[PDB]
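Enquirer: Data: run.cif, mmCIF, C-alpha atoms.
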data_entry
#
loop_
_atom_site.label_atom_id
_atom_site.label_comp_id
_atom_site.auth_asym_id
_atom_site.auth_seq_id
_atom_site.Cartn_x
_atom_site.Cartn_y
_atom_site.Cartn_z
CA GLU M 345 28.39 10.26 -14.71
CA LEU M 346 27.92 8.41 -18.00
CA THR M 347 30.08 5.60 -19.34
CA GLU M 348 29.96 4.44 -22.96
CA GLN M 349 27.53 1.49 -22.78
CA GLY M 350 26.70 1.23 -19.06
CA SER M 351 23.46 1.71 -17.15
CA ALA M 352 22.85 4.68 -14.85
CA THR M 353 20.75 4.27 -11.70
CA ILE M 354 18.82 7.22 -10.29
CA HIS M 355 16.63 7.70 -7.23
CA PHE M 356 13.36 9.64 -7.27
CA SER M 357 10.39 10.42 -5.04
CA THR M 358 6.70 10.48 -5.87
CA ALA M 359 3.10 10.58 -4.73
CA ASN M 360 1.75 8.74 -7.76
CA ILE M 361 0.27 5.27 -7.51
CA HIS M 362 0.95 4.84 -11.25
CA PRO M 363 3.83 7.20 -12.00
CA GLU M 364 4.74 8.03 -15.59
CA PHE M 365 7.10 10.85 -16.54
CA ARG M 366 9.47 11.86 -19.31
CA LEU M 367 13.02 11.73 -17.96
CA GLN M 368 15.22 14.33 -19.61
CA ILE M 369 18.83 13.23 -19.80
CA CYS M 370 21.01 15.97 -21.32
CA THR M 371 19.49 15.95 -24.83
CA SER M 372 16.78 13.37 -24.89
CA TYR M 373 13.61 12.27 -23.12
CA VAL M 374 13.01 8.71 -21.94
CA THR M 375 9.71 7.47 -20.53
CA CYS M 376 9.70 5.86 -17.09
CA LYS M 377 6.57 3.83 -16.30
CA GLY M 378 5.73 1.70 -13.28
CA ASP M 379 3.46 0.98 -10.33
CA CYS M 380 4.28 2.30 -6.86
CA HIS M 381 3.15 0.74 -3.59
CA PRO M 382 2.30 2.05 -0.10
CA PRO M 383 5.21 2.35 2.34
CA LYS M 384 5.51 0.60 5.68
CA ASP M 385 5.46 3.51 8.15
CA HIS M 386 2.49 5.62 9.18
CA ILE M 387 4.34 8.51 10.87
CA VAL M 388 7.90 9.43 9.88
CA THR M 389 10.42 11.92 11.27
CA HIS M 390 11.35 13.98 8.21
CA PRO M 391 9.29 16.37 6.05
CA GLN M 392 7.94 15.66 2.58
CA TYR M 393 10.19 15.55 -0.49
CA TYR F 1 2.36 -6.29 10.17
CA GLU F 2 -0.54 -8.46 11.24
CA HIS F 3 -0.36 -11.77 9.36
CA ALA F 4 -2.82 -14.57 10.11
CA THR F 5 -2.58 -18.11 8.78
CA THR F 6 -3.65 -21.64 9.68
CA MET F 7 -1.62 -24.78 10.39
CA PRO F 8 -2.86 -28.39 10.43
CA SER F 9 -2.48 -30.18 13.76
CA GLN F 10 0.00 -32.84 12.72
CA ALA F 11 3.47 -33.43 14.10
CA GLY F 12 6.66 -34.06 12.15
CA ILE F 13 5.60 -32.31 8.93
CA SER F 14 7.14 -28.92 8.18
CA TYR F 15 4.68 -26.13 7.37
CA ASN F 16 5.95 -23.36 5.10
CA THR F 17 4.59 -19.98 3.98
CA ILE F 18 5.71 -16.47 3.03
CA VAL F 19 4.53 -12.91 3.70
CA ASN F 20 4.20 -10.67 0.65
CA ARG F 21 4.25 -7.02 1.59
CA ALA F 22 3.08 -5.22 -1.53
CA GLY F 23 6.27 -3.32 -2.34
CA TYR F 24 9.03 -5.14 -0.47
CA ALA F 25 10.83 -8.47 -0.43
CA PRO F 26 8.91 -11.65 0.50
CA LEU F 27 9.55 -12.85 4.03
CA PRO F 28 9.51 -16.65 4.42
CA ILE F 29 8.06 -18.25 7.55
CA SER F 30 8.55 -21.91 8.52
CA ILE F 31 6.92 -23.78 11.42
CA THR F 32 7.62 -27.48 12.04
CA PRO F 33 5.58 -28.91 14.95
CA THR F 34 7.39 -31.59 16.96
CA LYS F 35 5.32 -32.71 19.94
CA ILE F 36 1.74 -31.63 20.61
CA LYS F 37 0.44 -32.59 24.06
CA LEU F 38 -3.04 -32.49 25.59
CA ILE F 39 -3.05 -32.34 29.38
CA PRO F 40 -6.43 -32.53 31.17
CA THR F 41 -7.22 -31.08 34.57
CA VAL F 42 -6.88 -34.22 36.65
CA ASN F 43 -8.46 -34.61 40.09
CA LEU F 44 -7.58 -37.58 42.33
CA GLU F 45 -10.42 -39.16 44.27
CA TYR F 46 -9.16 -42.45 45.67
CA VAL F 47 -6.78 -45.34 45.22
CA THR F 48 -7.44 -49.05 45.66
CA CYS F 49 -5.49 -52.29 45.88
CA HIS F 50 -5.84 -55.81 47.22
CA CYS O 266 21.88 23.64 37.28
CA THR O 267 21.16 19.92 36.91
CA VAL O 268 17.54 19.27 35.96
CA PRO O 269 15.80 15.86 36.00
CA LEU O 270 14.82 13.83 32.96
CA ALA O 271 11.43 12.21 32.47
CA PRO O 272 10.98 8.61 31.22
CA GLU O 273 10.81 7.96 27.52
CA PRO O 274 7.24 8.10 26.19
CA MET O 275 5.93 5.01 24.45
CA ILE O 276 4.88 6.18 21.01
CA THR O 277 2.36 4.08 19.08
CA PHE O 278 1.76 5.03 15.46
CA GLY O 279 -1.46 4.90 13.47
CA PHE O 280 -2.87 6.36 10.28
CA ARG O 281 -2.54 10.13 10.85
CA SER O 282 -2.31 9.63 14.61
CA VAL O 283 0.29 9.40 17.38
CA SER O 284 -0.52 7.89 20.77
CA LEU O 285 1.66 8.57 23.82
CA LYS O 286 1.90 6.57 27.03
CA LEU O 287 3.39 8.89 29.63
CA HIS O 288 4.61 7.66 33.02
CA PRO O 289 6.04 10.65 34.92
CA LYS O 290 8.21 10.51 38.00
CA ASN O 291 7.32 14.04 39.10
CA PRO O 292 4.94 16.52 37.36
CA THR O 293 5.94 17.38 33.83
CA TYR O 294 4.67 19.68 31.08
CA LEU O 295 3.65 18.17 27.75
CA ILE O 296 3.70 20.94 25.16
CA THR O 297 2.44 20.06 21.68
CA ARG O 298 1.78 22.19 18.58
CA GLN O 299 1.10 21.60 14.90
CA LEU O 300 3.51 22.88 12.26
CA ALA O 301 0.81 24.59 10.19
CA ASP O 302 -0.78 28.03 10.07
CA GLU O 303 -3.00 27.06 13.00
CA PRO O 304 -0.68 25.53 15.61
CA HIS O 305 -3.43 24.56 18.11
CA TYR O 306 -0.99 24.30 20.97
CA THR O 307 -1.58 22.29 24.14
CA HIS O 308 0.17 23.21 27.39
CA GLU O 309 -0.72 20.52 29.93
CA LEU O 310 0.71 19.45 33.30
CA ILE O 311 0.65 15.65 33.58
CA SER O 312 1.34 14.21 37.05
CA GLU O 313 -0.05 10.65 36.75
CA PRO O 314 0.22 7.89 34.15
CA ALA O 315 -1.85 9.07 31.20
CA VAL O 316 -2.47 8.16 27.56
CA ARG O 317 -2.63 11.05 25.10
CA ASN O 318 -3.88 10.39 21.57
#
Could you spell out this file's structure in structure tokens?
Expert:
Amino acid sequence: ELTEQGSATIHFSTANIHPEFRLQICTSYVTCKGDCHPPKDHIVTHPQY
Amino acid sequence: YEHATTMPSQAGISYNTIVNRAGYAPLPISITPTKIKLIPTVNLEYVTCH
Amino acid sequence: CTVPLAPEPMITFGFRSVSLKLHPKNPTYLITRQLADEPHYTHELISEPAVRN
């Protein structure tokens, strides 16, 4: 849900150590750029997303 | 998470540090030594007097 | 029928590895299999304390 001048927070999942993707939001494309880090667990109890 | 550090052997003075996991919040660690003994293995042989 | 219940295994994690400390009260089957096209299953009867990596 969008307000007029607010800021929307999304959650995503990746395998990229330097992820960079164009985020489509309803008309337009915004670029999301960052640096991901290794997680803390070796073996987890749910499959891959 | 195996974290190794080194503390100087001096009482009274607080020793501070943190642990920076690469994608998480920094975890602060504080150690303040109070009293540091040194107890030898002591073996009585004899007593004496007047 | 009431059936017994073995002790909880002690699972130690590593990079692409699971270790299992197994202390059974009475003999107990450990049945493992991979969730891939080759399951490589392992039907074993463990009666003593045993570590399985």
Enquirer: Can you turn the PyMOL selection byres ((chain O and resi 296-305) around 12) into a concrete residue list for this file, as an mmCIF file with C-alpha atoms, in the coordinates of the input?
Expert:
data_model
loop_
_atom_site.group_PDB
_atom_site.id
_atom_site.type_symbol
_atom_site.label_atom_id
_atom_site.label_comp_id
_atom_site.auth_asym_id
_atom_site.auth_seq_id
_atom_site.Cartn_x
_atom_site.Cartn_y
_atom_site.Cartn_z
ATOM 1 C CA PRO M 391 9.290 16.370 6.050
ATOM 2 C CA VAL O 283 0.290 9.400 17.380
ATOM 3 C CA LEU O 285 1.660 8.570 23.820
ATOM 4 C CA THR O 293 5.940 17.380 33.830
ATOM 5 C CA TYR O 294 4.670 19.680 31.080
ATOM 6 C CA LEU O 295 3.650 18.170 27.750
ATOM 7 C CA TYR O 306 -0.990 24.300 20.970
ATOM 8 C CA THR O 307 -1.580 22.290 24.140
ATOM 9 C CA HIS O 308 0.170 23.210 27.390
ATOM 10 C CA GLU O 309 -0.720 20.520 29.930
ATOM 11 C CA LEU O 310 0.710 19.450 33.300
ATOM 12 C CA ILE O 311 0.650 15.650 33.580
ATOM 13 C CA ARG O 317 -2.630 11.050 25.100
ATOM 14 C CA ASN O 318 -3.880 10.390 21.570
#
Enquirer: Run through the PyMOL selection byres ((chain F) within 12 of (chain M)) on the given coordinates and return the selected residues as a list in words.
Expert: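 What the PyMOL selection byres ((chain F) within 12 of (chain M)) grabs from the file is residues 1, 21, 22, 23 and 24 of chain F.
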Enquirer: Just say which residues the PyMOL selection byres ((chain M) within 10 of (chain O)) picks in this file, as an mmCIF file with C-alpha atoms, in the frame of the given file.
Expert:
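Produced file selection_37.cif, reproduced below:
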data_model
loop_
_atom_site.group_PDB
_atom_site.id
_atom_site.type_symbol
_atom_site.label_atom_id
_atom_site.label_comp_id
_atom_site.auth_asym_id
_atom_site.auth_seq_id
_atom_site.Cartn_x
_atom_site.Cartn_y
_atom_site.Cartn_z
ATOM 1 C CA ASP M 385 5.460 3.510 8.150
ATOM 2 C CA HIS M 386 2.490 5.620 9.180
ATOM 3 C CA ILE M 387 4.340 8.510 10.870
ATOM 4 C CA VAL M 388 7.900 9.430 9.880
#
Enquirer: Work out how far apart atom CA of residue F:14 and atom CA of residue F:26 are and give it in Å to one decimal.
Expert: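 About the pair atom CA of residue F:14 and atom CA of residue F:26: they are 19.0 Å apart.
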Enquirer: Report, in Å with one decimal, the straight-line distance from atom CA of residue M:365 to atom CA of residue M:349.
Expert: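 So the answer is 23.3 Å.
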Enquirer: Provide the atom CA of residue F:39 to atom CA of residue F:7 distance in Å, to one decimal place.
Expert: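 Atom CA of residue F:39 sits 20.5 Å away from atom CA of residue F:7.
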Enquirer: Give me the residues within 7 Å of residue F:33 as a list in words, counting only C-alpha atoms and dropping any in the same chain fewer than 5 places off.
Expert: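 The residues satisfying every condition are residues 11, 12, 13 and 14 of chain F.
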Enquirer: How would the residues just picked look written out with C-alpha atoms as a short mmCIF file (atom, residue, chain, number, x, y, z; two decimals), in the coordinates of the input?
Expert:
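Written output follows (selection28.cif):
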data_model
loop_
_atom_site.label_atom_id
_atom_site.label_comp_id
_atom_site.auth_asym_id
_atom_site.auth_seq_id
_atom_site.Cartn_x
_atom_site.Cartn_y
_atom_site.Cartn_z
CA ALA F 11 3.47 -33.43 14.10
CA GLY F 12 6.66 -34.06 12.15
CA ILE F 13 5.60 -32.31 8.93
CA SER F 14 7.14 -28.92 8.18
#
Enquirer: Find the spatial neighbours of residue M:392, counting only C-alpha atoms, within a cut-off of 12 Å - ignore same-chain residues fewer than 2 positions away - and output them as an MDAnalysis selection string.
Expert: chainID M and resid 357:359 387:390
Enquirer: So that I can see what lies close to residue M:370, please list as an MDAnalysis selection string the residues with an atom at most 12 Å from it, counting only C-alpha atoms and leaving out residues fewer than 4 positions away in the same chain.
Expert: chainID M and resid 345:346 374
Enquirer: Rebuild stretch 8-27 of chain F so that it carries N, CA, C and O atoms, then output the result as a PDB file, in the coordinates of the input.
Expert:
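Output contents, as saved in selection.pdb:
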ATOM      1  N   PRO F   8      -2.238 -27.127  10.016  1.00  0.00           N
ATOM      2  CA  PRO F   8      -2.860 -28.390  10.430  1.00  0.00           C
ATOM      3  C   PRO F   8      -2.151 -29.002  11.628  1.00  0.00           C
ATOM      4  O   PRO F   8      -0.937 -28.879  11.800  1.00  0.00           O
ATOM      5  N   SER F   9      -2.939 -29.679  12.463  1.00  0.00           N
ATOM      6  CA  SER F   9      -2.480 -30.180  13.760  1.00  0.00           C
ATOM      7  C   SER F   9      -1.844 -31.560  13.600  1.00  0.00           C
ATOM      8  O   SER F   9      -2.392 -32.587  13.996  1.00  0.00           O
ATOM      9  N   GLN F  10      -0.644 -31.573  13.031  1.00  0.00           N
ATOM     10  CA  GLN F  10       0.000 -32.840  12.720  1.00  0.00           C
ATOM     11  C   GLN F  10       1.498 -32.699  12.885  1.00  0.00           C
ATOM     12  O   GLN F  10       2.113 -31.840  12.249  1.00  0.00           O
ATOM     13  N   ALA F  11       2.074 -33.541  13.731  1.00  0.00           N
ATOM     14  CA  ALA F  11       3.470 -33.430  14.100  1.00  0.00           C
ATOM     15  C   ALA F  11       4.374 -33.951  12.987  1.00  0.00           C
ATOM     16  O   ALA F  11       3.936 -34.633  12.060  1.00  0.00           O
ATOM     17  N   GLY F  12       5.657 -33.615  13.092  1.00  0.00           N
ATOM     18  CA  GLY F  12       6.660 -34.060  12.150  1.00  0.00           C
ATOM     19  C   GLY F  12       6.750 -33.268  10.862  1.00  0.00           C
ATOM     20  O   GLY F  12       7.862 -32.990  10.406  1.00  0.00           O
ATOM     21  N   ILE F  13       5.628 -32.879  10.269  1.00  0.00           N
ATOM     22  CA  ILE F  13       5.600 -32.310   8.930  1.00  0.00           C
ATOM     23  C   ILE F  13       5.865 -30.810   9.021  1.00  0.00           C
ATOM     24  O   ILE F  13       5.190 -30.097   9.770  1.00  0.00           O
ATOM     25  N   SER F  14       6.842 -30.339   8.251  1.00  0.00           N
ATOM     26  CA  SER F  14       7.140 -28.920   8.180  1.00  0.00           C
ATOM     27  C   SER F  14       6.018 -28.173   7.468  1.00  0.00           C
ATOM     28  O   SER F  14       5.466 -28.646   6.475  1.00  0.00           O
ATOM     29  N   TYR F  15       5.688 -26.990   7.980  1.00  0.00           N
ATOM     30  CA  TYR F  15       4.680 -26.130   7.370  1.00  0.00           C
ATOM     31  C   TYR F  15       5.344 -24.824   6.962  1.00  0.00           C
ATOM     32  O   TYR F  15       5.912 -24.124   7.805  1.00  0.00           O
ATOM     33  N   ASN F  16       5.253 -24.496   5.682  1.00  0.00           N
ATOM     34  CA  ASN F  16       5.950 -23.360   5.100  1.00  0.00           C
ATOM     35  C   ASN F  16       4.948 -22.349   4.555  1.00  0.00           C
ATOM     36  O   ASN F  16       3.849 -22.712   4.126  1.00  0.00           O
ATOM     37  N   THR F  17       5.357 -21.082   4.561  1.00  0.00           N
ATOM     38  CA  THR F  17       4.590 -19.980   3.980  1.00  0.00           C
ATOM     39  C   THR F  17       5.528 -18.798   3.790  1.00  0.00           C
ATOM     40  O   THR F  17       6.695 -18.834   4.185  1.00  0.00           O
ATOM     41  N   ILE F  18       5.006 -17.736   3.172  1.00  0.00           N
ATOM     42  CA  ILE F  18       5.710 -16.470   3.030  1.00  0.00           C
ATOM     43  C   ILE F  18       4.746 -15.332   3.330  1.00  0.00           C
ATOM     44  O   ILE F  18       3.528 -15.516   3.376  1.00  0.00           O
ATOM     45  N   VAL F  19       5.304 -14.142   3.525  1.00  0.00           N
ATOM     46  CA  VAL F  19       4.530 -12.910   3.700  1.00  0.00           C
ATOM     47  C   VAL F  19       4.937 -11.944   2.604  1.00  0.00           C
ATOM     48  O   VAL F  19       6.104 -11.547   2.513  1.00  0.00           O
ATOM     49  N   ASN F  20       3.976 -11.564   1.776  1.00  0.00           N
ATOM     50  CA  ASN F  20       4.200 -10.670   0.650  1.00  0.00           C
ATOM     51  C   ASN F  20       3.694  -9.283   1.018  1.00  0.00           C
ATOM     52  O   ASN F  20       2.514  -8.976   0.851  1.00  0.00           O
ATOM     53  N   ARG F  21       4.586  -8.436   1.524  1.00  0.00           N
ATOM     54  CA  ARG F  21       4.250  -7.020   1.590  1.00  0.00           C
ATOM     55  C   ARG F  21       4.344  -6.446   0.187  1.00  0.00           C
ATOM     56  O   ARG F  21       5.254  -6.782  -0.572  1.00  0.00           O
ATOM     57  N   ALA F  22       3.395  -5.565  -0.150  1.00  0.00           N
ATOM     58  CA  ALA F  22       3.080  -5.220  -1.530  1.00  0.00           C
ATOM     59  C   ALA F  22       4.200  -4.517  -2.287  1.00  0.00           C
ATOM     60  O   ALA F  22       4.147  -4.473  -3.518  1.00  0.00           O
ATOM     61  N   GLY F  23       5.211  -3.990  -1.611  1.00  0.00           N
ATOM     62  CA  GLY F  23       6.270  -3.320  -2.340  1.00  0.00           C
ATOM     63  C   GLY F  23       7.663  -3.660  -1.877  1.00  0.00           C
ATOM     64  O   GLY F  23       8.613  -2.933  -2.174  1.00  0.00           O
ATOM     65  N   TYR F  24       7.794  -4.774  -1.160  1.00  0.00           N
ATOM     66  CA  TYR F  24       9.030  -5.140  -0.470  1.00  0.00           C
ATOM     67  C   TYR F  24       9.409  -6.578  -0.808  1.00  0.00           C
ATOM     68  O   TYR F  24       8.801  -7.199  -1.685  1.00  0.00           O
ATOM     69  N   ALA F  25      10.402  -7.116  -0.127  1.00  0.00           N
ATOM     70  CA  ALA F  25      10.830  -8.470  -0.430  1.00  0.00           C
ATOM     71  C   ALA F  25      10.004  -9.486   0.356  1.00  0.00           C
ATOM     72  O   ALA F  25       9.583  -9.206   1.481  1.00  0.00           O
ATOM     73  N   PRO F  26       9.741 -10.669  -0.208  1.00  0.00           N
ATOM     74  CA  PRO F  26       8.910 -11.650   0.500  1.00  0.00           C
ATOM     75  C   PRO F  26       9.646 -12.287   1.668  1.00  0.00           C
ATOM     76  O   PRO F  26      10.803 -12.698   1.553  1.00  0.00           O
ATOM     77  N   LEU F  27       8.950 -12.380   2.793  1.00  0.00           N
ATOM     78  CA  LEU F  27       9.550 -12.850   4.030  1.00  0.00           C
ATOM     79  C   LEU F  27       9.091 -14.265   4.323  1.00  0.00           C
ATOM     80  O   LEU F  27       7.910 -14.469   4.637  1.00  0.00           O
TER      81      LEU F  27
END
